[PDB]
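Trainee: Supplied in structure tokens, the structure appears directly below.
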Amino acid sequence: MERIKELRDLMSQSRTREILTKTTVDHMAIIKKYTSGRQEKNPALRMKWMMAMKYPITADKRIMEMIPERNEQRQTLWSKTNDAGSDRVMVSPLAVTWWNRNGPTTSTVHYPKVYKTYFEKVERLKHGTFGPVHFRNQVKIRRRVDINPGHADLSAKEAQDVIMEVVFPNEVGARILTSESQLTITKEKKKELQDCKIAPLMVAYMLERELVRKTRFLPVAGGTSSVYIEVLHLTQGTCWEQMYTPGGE
Amino acid sequence: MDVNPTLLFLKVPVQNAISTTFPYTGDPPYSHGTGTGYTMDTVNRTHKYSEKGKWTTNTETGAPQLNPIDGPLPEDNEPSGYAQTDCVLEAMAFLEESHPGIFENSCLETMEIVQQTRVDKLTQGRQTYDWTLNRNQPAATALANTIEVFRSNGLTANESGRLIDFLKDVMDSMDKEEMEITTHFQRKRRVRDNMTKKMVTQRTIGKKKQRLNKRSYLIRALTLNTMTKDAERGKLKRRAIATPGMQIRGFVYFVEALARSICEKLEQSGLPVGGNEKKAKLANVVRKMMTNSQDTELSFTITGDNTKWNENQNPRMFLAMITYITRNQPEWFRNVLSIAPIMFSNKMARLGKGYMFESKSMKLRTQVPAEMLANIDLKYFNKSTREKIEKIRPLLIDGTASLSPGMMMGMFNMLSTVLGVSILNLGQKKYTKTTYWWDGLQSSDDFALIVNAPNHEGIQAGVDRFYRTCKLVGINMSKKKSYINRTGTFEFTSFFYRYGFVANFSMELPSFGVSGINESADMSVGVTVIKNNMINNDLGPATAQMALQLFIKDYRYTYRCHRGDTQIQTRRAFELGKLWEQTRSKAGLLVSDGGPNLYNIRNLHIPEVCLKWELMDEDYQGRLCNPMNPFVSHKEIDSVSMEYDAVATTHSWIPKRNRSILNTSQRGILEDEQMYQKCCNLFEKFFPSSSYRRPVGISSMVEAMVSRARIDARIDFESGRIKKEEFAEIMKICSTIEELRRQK
Amino acid sequence: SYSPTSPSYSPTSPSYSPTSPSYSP
Amino acid sequence: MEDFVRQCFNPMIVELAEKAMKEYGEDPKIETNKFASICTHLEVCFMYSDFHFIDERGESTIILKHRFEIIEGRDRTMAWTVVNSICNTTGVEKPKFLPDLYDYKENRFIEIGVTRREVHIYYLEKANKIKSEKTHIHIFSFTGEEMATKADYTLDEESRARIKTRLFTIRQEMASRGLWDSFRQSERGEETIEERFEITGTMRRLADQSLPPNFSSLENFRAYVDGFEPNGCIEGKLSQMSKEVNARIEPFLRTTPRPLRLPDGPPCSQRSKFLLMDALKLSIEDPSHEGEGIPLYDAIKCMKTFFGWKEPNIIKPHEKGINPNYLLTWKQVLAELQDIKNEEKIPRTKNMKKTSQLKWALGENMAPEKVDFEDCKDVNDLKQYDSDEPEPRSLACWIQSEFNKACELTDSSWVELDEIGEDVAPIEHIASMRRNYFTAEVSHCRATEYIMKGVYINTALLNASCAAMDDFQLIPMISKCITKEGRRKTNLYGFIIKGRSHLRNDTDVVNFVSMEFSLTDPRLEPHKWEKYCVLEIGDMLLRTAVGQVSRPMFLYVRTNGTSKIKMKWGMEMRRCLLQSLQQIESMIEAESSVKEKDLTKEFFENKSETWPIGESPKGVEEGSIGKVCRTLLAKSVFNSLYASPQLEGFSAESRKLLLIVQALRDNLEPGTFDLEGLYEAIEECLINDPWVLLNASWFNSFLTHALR
RNA sequence: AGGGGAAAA
RNA sequence: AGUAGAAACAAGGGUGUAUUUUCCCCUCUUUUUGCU
Ligand SMILES: O=c1ccn([C@@H]2O[C@H](COP(=O)(O)NP(=O)(O)OP(=O)(O)O)[C@@H](O)[C@H]2O)c(=O)[nH]1
Ligand SMILES: [Mg+2]
Ligand SMILES: [Mg+2]
């Protein structure tokens with residue numbers, strides 16, 4: 001209803017009618033990346049010399065309704081912009097700090113849910129036990145280990161298919177889920193993610209983190225399991241070995 | 001006492017302290033002015049290594065072309081591009097014989113890749129030459145301009161998403177009697193600046209219509225733009241690099257895919273593997289060669305680089321190799337794979353910006369473009385440039401130099417590596433017919449060659465045989481940069497092996513610092529960089545802690561997020577102090593909020609937010625991770641003005657970006673970008689999964705959107721989420737949209 | 001606890017610090 | 001036959017068929033039979049679906065909810081998403097292959113096939129192909145025969161009659177033109193897509209011109225290659241090859257290598273952006289004044305702490321410059337400082353009047369005006385820019401002294417590292433103690449003072465350049481340290497005046513003028529100060545061990561320039577520390593593995609282990625681990641300060657010689673091919689840079705001491 | 001899936 | 001003058017970062033300068 005009215009309005013014009021009618025779905029990928037402005041180089045230097053400016057941030061105009069123009073110490077937080085389409089406003093880090101110290105507070109936050117893997121890593125590190133450090137000659141073998149265990153039953157392709165089925169049921173295409181474990185995980189995630197208030201893309205990335213398996217070639221000396229690879233920087237050295245036991249099972 | 005760091009090498013081996021030989025803490029060299037001089041120099045050098053070839057005049061482009069294939073065999077050790085076709089074919093045949101079925105399987109994989117490859121793949125490239133505008137543009141912009149020009153001229157096979165269809169369109173375009181293009185034109189206006197009260201030439205850029213005859217379009221299609229390589233370490237003098245046009249990138253891509261498939265099945269190839277994979281491969285090869293060597297046998301390793309590698313590789317030899325590889329294959333596959341060498345054998349190099357001339361008497365300076373250098377008196381140029389222009393004049397047409405020989409700075413890395421690996425494979429006992437033999441590894445042009453022979457004279461004979469064979473195929477070993485010693489220590493692609501690869505931490509120094517994305521992103525990048533350097537480059541624990549401290553200090557200064565309980569004063573100091581005093585659990589605040597640094601070697605692998613989540617204050621935690629942060633973009637709900645909740649913290653804001661030109665107006669060109677973005681946003685609204693994965697389909701935008709709207713309305717009505725009136729209204733709107741589409 | 005020290009450090013030869021001397025009257 | 005199809009079927013059907021075929025790179029011009037087949041199939045599907053609706057009651061009606069949903073004639077993605085939506089909503093099974101219609105009333109997918117041969121064979125083929133007893137099959141024939149699954153013809157007799165009549169009409173019309181034979185015989189191979197890619201026209205001519213000399217056509221070359229077999233081609237060509245082409249190994253004995261040949265010319269001069277060993281700083285102790293933190297306030301206080309200013313006068317003039325301009329610049333700086341001190345609320349930053357002396361010193365209006373070549377084609381005296389090579393310079397002895405000073409131990413701490421998390425793991429505790437040793441060793445090094453000075457100066461310069469681009473700004477040179485007593489101290493080295501900084505390219509240079517205090521008389525080493533103009537600005541009363549001594553205090557004034565890249569890499573000078581520490585730790589680690597214990601305390605405290613790090617008239621000199629750490633830090637800092645293409649090239653081309661020498665020391669029988677060429681390449685990089693010349697001299701000394 | 005950063009050839 | 005080096009800046013379009021490989025991070029568009 002809203003989208004179709006927007007499409008009608010957008011096709012009412014002349015140039016946009018040509019763009020929509022003379023462009024195929026494939027060519028979208030080409031025109032979406034289309035740009036004609038100057039290219040930016042050395043982002044680090046730009047940040048270095050821009051953080052000294054008054055307003056190095058750009059925010060949606062809605063921020064005007066939330067963050068006051070100035071704080072108690074008369075320090076301006078945002079200023080109206082001229083070189084814009086009236087959808088962006090300049091902002092200072094003072095605005096970020098003001099929101100963090102005085103912004104609206106809520107008891108519902110999605111960070112723990114969207115990043116369950118990192119919290120699992122934190123829990124594993126918290127309950128781990130440390131043994132003695134041995135100064136001995138260390139022999140390292142460059143081999144392919146995993147960094148993200150993913151789901152043991154599902155492979156990379158199976159995990160991707162399950163993710164697409166769970167997040168975008170009507171866009172899977174010709175693909176079909178065959179493995180029984182695939183179907184079970186799909187059902188479990190559909191039940192768990194039902195009525196989710198997060199964007200589908202970020203839910204898909206969450207599922208990718210939770211399910212897909214990633215392997216890298218690293219110099220390892222000792223364990224190979226993912227719980228040990230995540231702590232390789234700490235349990236292994238050129239001439240020292242730090243005995244460790246992750247808190248996980 | 002006169003301190004001399006080099007004397008430290010008396011005790012510690014050079015390899016173990018090799019990090020001290022890399023001056024990577026200083027700014028790398030940069031090119032200042034034009035790259036025309038380097039392009040002319042490389043063209044002349046390429047044409048001098050082949051001067052004993054055959055000269056012809058192209059019947060299509062009307063440009064001189066030099067063919068050194070099957071030229072006289074070199075009499076001295078100077079670089080020579082006179083490769084012998086029979087020798088290359090024999091090397092390929094022996095490579096195929098040593099690895100039966102390699103070419104057939106590679107061709108099967110390449111056919112599968114070719115049939116399923118989409119045109120948008122070409123957008124993966126960086127800046128590319130654009131013949132429509134005759135200048136460098138982003139790959140996506142160049143591809144869009146080329147597609148628009150082809151469509152306007154009646155070539156519409158690109159309407160299908162397949163890349164092979166785009167190649168067919170390019171071939172068809174190469175036959176048209178004339179091409180109608182839309183280029184950019186300039187309008188200048190003298191205006192007084194209101195801040196400095198000086199006259200300046202305000203510039204306005206617009207679109208026009210131009211017509212290119214057959215020859216002009218052909219020259220533009222075979223052109224490669226040239227510039228100077230910047231920020232390159234280890235070289236006193238700069239060198240030129242090339243960017244091909246949109247018409248050459250697809251064929252080159254397919255050829256490179258075939259070469260990569262071939263290289264994957266080659267234990268002597270240093271590509272496409274890299275990093276730890278390449279180090280493991282090199283160590284395995286060295287250990288296998290050393291073990292297979294008998295106790296009496298003498299093994300010698302030579303570290304070698306090749307002189308003017310790209311200038312001595314002929315596209316004709318690449319064509320011969322491709323023809324041999326694709327034997328007993330469908331004709332269409334052979335044609336599509338062999339097109340790229342054909343294009344490169346007739347390529348033209350664009351000189352570049354031009355030169356700068358100075359009239360001191362009148363106190364003026366001007367930029368002479370390349371197109372004018374052909375019709376300028378030689379008295380203006382200096383001796384070096386005068387000689388360059390005099391030597392290059394016969395090859396100059398339309399501001400471009402004809403360059404038949406050479407592969408132009410790494411355009412066929414994989415194919416060149418394949419040729420080198422074939423030469424290496426020619427070293428087995430079954431081919432040398434002598435007590436000596438050789439093996440090793442090759443990457444692009446660098447190589448490590450291990451020769452085993454009973455005695456020293458055998459080693460010398462093997463080295464001479466390998467050198468002569470390389471010269472026969474067209475590869476010139478660099479004697480001044482290569483050396484040979486007993487096996488056990490060597491160097492390869494800045495990897496120093498001394499009975500095992502040694503760490504070289506200097507090369508990773510530039511990665512340390514603040515990436516300037518945002519607060520949380522920079523913190524994650526820095527911490528993960530420290531962790532990865534600890535894992536890989538043998539960074540010590542104490543050194544890792546010191547690096548963490550330095551990074552925290554730099555980050556705090558960059559983002560003005562000093563500790564709350566600090567006397568430093570700045571714009572952000574007041575808010576940070578207020579927040580510090582307000583909160584109770586002072587350890588829960590992020591570093592960007594003036595909180596303490598809780599990081600250490602233990603938890604270098606944990607994101608900052610999750611690291612101190614349990615220590616965060618309830619109110620502070622809610623404020624920081626509010627679902628409605630104004631600094632992060634929000635998405636409208638799909639199939640519903642409520643927006644999706646946000647989980648990104650307030651520290652993931654978007655910094656301001658500026659893309660303005662000095663005294664230039666481009667409002668006529670950014671409109672297209674704005675409308676394209678609007679249409680893409682609308683389509684994403686219609687198709688929720690478009691962003692997650694690139695969609696495909698030959699149907700038009702509006703057609704797909706209307707079809708999806710109709711099916712969605714029907715399905716919603718069937719399920720019961722909408723009543724009759726809404727379905728009727730949606731159907732009516734779809735019908736009127738379709739009617740408007742049909743009748744513009 | 002650890003104070004760096006060098007055998008090349010002369011306690012008297014550098015009579016005054018030419019880079020960072022004391023000049024307050 | 002294509003024109004027949006165009007004139008027969010409806011335009012929408014024709015364009016749908018054209019799109020469907022072009023979706024797979026099939027040209028309707030040459031694939032006319034498949035074009036007609038697809039057009040007929042689309043027409044049959046549309047006729048089957050049309051004129052069948054569903055009333056609100058839920059029964060099929062023929063004249064609103066359409067009875068049938070089309071899936072044919074759409075995109076692959078469009079059709080598949082329609083199928084997926086239908087399956088998700090109604091819950092029917094997902095077909096393995098794309099069907100042609102969906103019946104809501106019957107709630108199932110239907111495949112519609114049109115054939116020229118017998119119906120039964122095609123029905124068996126389709127039933128075997130789909131192999132699923134849930135999708136209806138309906139086959140029509142141009143002869144008037146029709147069949148379905150289980151004899152369930154969902155469509156009414158009338159609609160099927162219309163379909164059959166239309167098919168017969170098409171058959172008769174086609175047969176009138178005698179095109180039916182090919183159409184019927186081609187059905188066998190209509191399911192295979194033949195890829196086509198041909199080289200013709202200009203491309204064929206280009207191909208014919210891209211072959212070896214003795215070939216005239218691409219086809220001839222392909223024929224030759226296809227039948228090619230290897231018969232001693234390489235061996236025969238090698239036998240013909242002249243024996244003067246060879247790779248003869250020349251042994252690298254202990255008497256082969258020779259010292260590098262440094263260039264000749266006038267002695268090299270200082271080129272650092274600030275003084276290193278001759279710097280003098282005016283310091284304030286425990287700064288607690290109002291406005292502390294602002295550089296200008298601290299600079300004013302530091303200047304106030306010193307009494308003894310006199311009338312400045314030229315002592316060492318700049319040969320190529322206008323010294324009165326430098327004198328006026330210093331006087332103007334003093335006057336501006338006085339004026340800013342007169343006011344109450346000193347501004348955060350101070351701009352300087354664009355006087356003649358500053359205009360000349362900062363090179364304002366020195367560039368020729370840029371003009372497009374189109375408007376200057378009539379100019380008659382245009383000459384190309386100069387590209388002369390750098391003038392060679394000889395190696396002077398001041399650079400070695402500068403390095404020696406940089407390697408020394410200072411009394412005041414120069415870096416205050418931030419805190420980190422609590423140590424829990426034993427390895428973390430070991431790292432903490434090792435880091436305590438490293439920080440103590442490195443925080444009291446002159447190279448650290450240089451690092452901090454350069455970082456602050458570059459940060460201030462870039463901030464001023466980007467914030468104020470058309471103004472002459474005054475930037476005091478400030479540093480912070482902690483004395484032996486643990487009390488903070490703020491030092492001022494001098495002042496920098498920044499010129500216009502309209503920097504567009506990364507290599508664009510902003511010019512500035514640096515005035516630095518010093519106690520070093522320029523007349524002792526005049527060649528070192530060719531670029532400087534040195535004044536006598538004061539008399540300083542220093543406290544010595546025995547008493548107090550009055551000495552002149554000079555102001556080294558010069559014009560320098562810096563680019564955005566130079567400032568960027570100047571800011572990241574703390575990285576130098578890592579380059580040293582990572583090495584030092586590694587060395588310690590290399591020993592610990594041998595001794596199975598941590599040797600940090602023994603190395604730093606007992607100083608049992610020493611490394612050759614210096615040279616003295618006696619011979620080679622050994623230093624402890626701390627001395628080596630400081631030397632490596634100084635080397636990294638000087639690499640950062642004196643960076644240039646010469647240094648990069650020299651390091652790259654001398655690494656090979658170092659490795660060859662190491663191989664000789666390893667008894668690996670090293671051998672070379674063109675060692676003279678390597679020496680020439682190394683020497684090509686020694687032109688004028690003092691740092692590179694010092695490195696070359698160091699390499700010569702190392703060769704001398706390693707050959708024996 | 002895309003973008004950015006670093007290294008080497 | 002100075003930076004700098006094979007050609008440029010010293011204001012008046014930034015129209016000059018390419019191919020391959022490897023590693024790492026992220027998920028969108030429309031009046032200031034303080035490293036205690
Ligand atoms: O920046 C680069 C570096 C290397 N390469 C590609 O890698 C090849 C080898 O790069 P190289 O470093 O060996 N230089 P080369 O061309 O051999 O000349 P020389 O120094 O005299 O021995 C080159 O010929 C290019 O094809 C690039 O394309 N760009
Ligand atoms: Mg080379
Ligand atoms: Mg090389």
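Ligands are numbered from 1 in the order shown, residues from 1 within each chain, and chains are lettered A, B, ... in the order they appear in the structure tokens.
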Could you give me, as a tab-separated table, every chain B residue with an atom at most 7 Å from ligand 2, plus its closest atom pair and distance in Å to one decimal, counting only C-alpha atoms and all ligand atoms, rows ordered by chain then number?
Mentor:
residue	atom	partner	partner_atom_place_in_ligand_line	distance
B:305	CA	ligand 2	1 (Mg)	4.9
B:306	CA	ligand 2	1 (Mg)	4.2
B:307	CA	ligand 2	1 (Mg)	4.6
B:308	CA	ligand 2	1 (Mg)	5.8
B:309	CA	ligand 2	1 (Mg)	5.7
B:445	CA	ligand 2	1 (Mg)	6.0
B:446	CA	ligand 2	1 (Mg)	6.8
Trainee: I'd like the neighbourhood of residue 19 (chain C) as a list in words, where a residue qualifies if any of its atoms comes within 9 Å (using only C-alpha atoms (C1' of nucleotides)), though same-chain residues fewer than 2 positions away should be ignored.
Mentor: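 Once the nearby chain positions are removed, what remains is residues 16, 17 and 21 of chain C; 277, 278, 279, 280, 281, 518 and 519 of chain D.
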Trainee: Based on only C-alpha atoms, which of the residues in chain B come within 12 Å of chain C? I want them as an NGL selection string.
Mentor: :B and (1-3)
Trainee: With C-alpha atoms retained, export the selected residues as a PDB file, in the first residue's frame.
Mentor:
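The resulting file, again12.pdb, is shown below:
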ATOM      1  CA  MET B   1      82.288   4.934  21.385  1.00  0.00           C
ATOM      2  CA  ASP B   2      80.637   5.456  17.993  1.00  0.00           C
ATOM      3  CA  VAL B   3      77.368   3.524  18.103  1.00  0.00           C
TER       4      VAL B   3
END
Trainee: One decimal, in Å: what's the spacing between CA of residue 657 (chain B) and CA of residue 353 (chain B)?
Mentor: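 Separation of CA of residue 657 (chain B) and CA of residue 353 (chain B): 27.4 Å.
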Trainee: Counting only C-alpha atoms (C1' of nucleotides) and all ligand atoms, name the residues that have an atom within 12 Å of an atom of ligand 3; the answer should be given as a PyMOL selection string.
Mentor: (chain B and resi 234+303-310+409-410+413+417+442-448+476-478+481-482+491-494) or (chain E and resi 8-9)
Trainee: Return the neighbours of chain F among the residues of chain D, cut-off 6 Å, counting only C-alpha atoms (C1' of nucleotides), as JSON, numbers by chain.
Mentor: {"D": [293, 294, 321, 366, 367, 387, 463, 502, 504, 508, 509, 559, 560, 561]}
Trainee: Go ahead and dump the residues you just picked, C-alpha atoms, as an mmCIF file, in the first residue's frame.
Mentor:
data_model
loop_
_atom_site.group_PDB
_atom_site.id
_atom_site.type_symbol
_atom_site.label_atom_id
_atom_site.label_comp_id
_atom_site.auth_asym_id
_atom_site.auth_seq_id
_atom_site.Cartn_x
_atom_site.Cartn_y
_atom_site.Cartn_z
ATOM 1 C CA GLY D 293 47.000 23.003 28.600
ATOM 2 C CA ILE D 294 46.687 25.693 25.942
ATOM 3 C CA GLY D 321 68.226 34.151 1.963
ATOM 4 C CA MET D 366 56.116 32.435 -5.498
ATOM 5 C CA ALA D 367 54.334 29.941 -7.759
ATOM 6 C CA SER D 387 64.228 17.442 -13.427
ATOM 7 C CA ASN D 463 45.678 20.697 12.870
ATOM 8 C CA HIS D 502 45.812 24.966 0.704
ATOM 9 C CA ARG D 504 45.229 19.460 -2.460
ATOM 10 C CA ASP D 508 51.529 19.352 -1.667
ATOM 11 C CA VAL D 509 53.892 21.160 0.699
ATOM 12 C CA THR D 559 62.306 28.044 6.358
ATOM 13 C CA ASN D 560 61.163 24.434 5.959
ATOM 14 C CA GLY D 561 58.277 22.640 4.292
#
Trainee: Closest to ligand 1 among F:29, F:13, F:24, F:18, using only C-alpha atoms (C1' of nucleotides) and all ligand atoms?
Mentor: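 Nearest to ligand 1: F:18.
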Trainee: Using only C-alpha atoms (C1' of nucleotides), determine which residues lie at most 9 Å from residue 5 (chain E), disregarding the query and same-chain residues fewer than 2 positions distant; provide the list as a ChimeraX atom specification.
Mentor: /A:43 /B:511,515 /F:24-25
